[PDB]
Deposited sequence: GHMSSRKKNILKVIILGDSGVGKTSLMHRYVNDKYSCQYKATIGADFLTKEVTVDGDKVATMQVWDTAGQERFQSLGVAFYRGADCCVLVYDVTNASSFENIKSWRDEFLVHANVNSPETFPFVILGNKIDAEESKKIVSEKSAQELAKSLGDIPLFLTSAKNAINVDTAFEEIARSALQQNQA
């Protein structure tokens, strides 16, 4: 039933976030994602309505990418790394890439969620203000925002409850 797509630059932590939420596990070892594929999780909404969530991981590197999979999606998650300025500045282009290729019926209502990942990292290395993120998140149509750590299992549960809630609303 529920199709969710996760987009964002290489290295931001998409695959890690998916393993955290679906499998409650994490691994330090970078293994580059190639082509799109999904894992599944049975969910229960805040309402105690039940659903199977199909979570799609995608490649961040141009050369490992795929097009069709974007269609169907009931929610789109946009992920940047709080330690990498460029990843953040690319969020709107990931959003627009999705809308161009996704063939969704109402772009101004279609649910996106943004995640800022790697908050567990040392302050010295962190670059993207919460404030900036909240600005970008509003300017893109008041999209929900969540700061997360796949590594330390921080807030990934919260983030994905909204992603679930927003996706079920869009499906039917």
**OP:** Can you give me the gaps, meaning deposited-sequence stretches with no C-alpha coordinates, in sequence order?
**Re:** 1-9, 76-77, 184
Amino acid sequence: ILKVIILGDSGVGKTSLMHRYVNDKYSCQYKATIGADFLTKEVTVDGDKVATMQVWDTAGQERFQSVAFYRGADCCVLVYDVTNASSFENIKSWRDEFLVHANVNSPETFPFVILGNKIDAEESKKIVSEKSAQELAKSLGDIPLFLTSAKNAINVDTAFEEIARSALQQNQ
From here on, numbers count along this sequence of modelled residues.
Original post:
Comparing 125-133 with 109-117, where is the mean C-alpha B-factor higher?
Top reply: 125-133
**OP:** Look up the CA B-factors in the entry and say which stretch, 159-167 or 7-15, has the higher mean.
**Re:** 159-167
Original post:
Highest Cα B-factor in the deposition, which of 30, 26, 146, 38?
Top reply: 30
**OP:** Please place residue 34 in the lowest, middle or highest third of its chain by C-alpha B factor as given in the entry.
**Re:** middle
Original post:
What third of its chain's C-alpha B-factors does residue 45 belong to: lowest, middle or highest?
Top reply: highest
Original post:
Lowest, middle or highest third: where is residue 104 by Cα B-factor in its chain?
Top reply: highest
Original post:
Taking the entry's C-alpha B-factors for this chain, is residue 58 in the lowest, middle or highest third?
Top reply: lowest
